[PDB]
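Next up is one chain by itself, shown in structure tokens, the form deposited in one PDB entry.
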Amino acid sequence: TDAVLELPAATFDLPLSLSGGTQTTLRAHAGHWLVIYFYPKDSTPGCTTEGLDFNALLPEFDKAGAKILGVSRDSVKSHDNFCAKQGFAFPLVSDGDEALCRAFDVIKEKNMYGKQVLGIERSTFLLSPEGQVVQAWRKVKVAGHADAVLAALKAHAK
């Protein structure tokens, strides 16, 4: 009833490779809120701005018991380098095979260059403590975004 997106059951058990060398799963986050933000490419201007914006709000997400995950299809090593350079204190998922991206339907097509071109569309989601996707943002405008996500989280967590 309150879900805005339905994920295949298997999505929650996908092994998600993280920066730092461990794996997580969405089911492993049961019991707390999870923010999942998808971005197209490590170490580019918009993606760096977005990551820094979430990083600055980490104590506010903590106040709510929430965790954050950033997601792109860059490698674990790329993610480690991005986290170290920028000082990120949350993990990045290396979704190299785009399994998580496809589950959230963030791989979008554009007719460009006389081709059908597929790529990650910047998108964010709020996953409840019981694993429901209760809010989505697609074609994300980076400016103001992390603040808006935090506000929405607070409103939902009540």
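One rule holds for the numbers: they count along the sequence shown, beginning at 1. If you superpose the two forms and keep the largest set of C-alpha atoms that fall within 1.5 Å, you have the rigid core.
Novice: Would you say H79 is commonly dropped, meaning unmodelled in a third or more of the other compared entries that have residues on each side of it?
Specialist: Per the records, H79 goes unmodelled in at least a third of the other entries.
Novice: Taking the mean of the C-alpha B-factors per stretch from the entry, tell me the winner out of 86-94 and 59-67.
Specialist: Mean B over CA atoms: larger for 59-67.
Novice: Would the CA B-factor of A146 place it in the lowest, middle or highest third of its chain?
Specialist: Lowest third, going by the recorded CA B-factors of the chain.
Novice: Among the modelled residues of its chain, does the C-alpha B-factor of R122 lie in the lowest, middle or highest third?
Specialist: According to the entry, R122 has a C-alpha B-factor in the chain's lowest third.
Novice: Determine, from the deposited record, the chain-internal third of the Cα B-factor for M112: lowest, middle or highest.
Specialist: CA B-factor rank for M112: highest third.
Novice: By the record's CA B-factor, is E130 among the lowest, middle or highest third of residues in the chain?
Specialist: Highest third, going by the recorded CA B-factors of the chain.
Novice: Which third of the chain does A136 land in by C-alpha B-factor: lowest, middle or highest?
Specialist: Answer is lowest: the recorded C-alpha B-factor places it there.
Beyond what is shown, the protein has a form deposited in another entry; the following relates to that form.
Novice: Would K115 count as moving between this form and the one not shown, using a Cα shift of 2 angstroms or more after superposing the core as the test?
Specialist: Moves: yes, 2 Å or greater.
Novice: Just checking, between this form and the one not shown and with the core aligned, does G144 shift 2 Å or more at the CA?
Specialist: Comparing the forms between this form and the one not shown, which are aligned on their rigid core, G144 does not shift its C-alpha by 2 Å or more.
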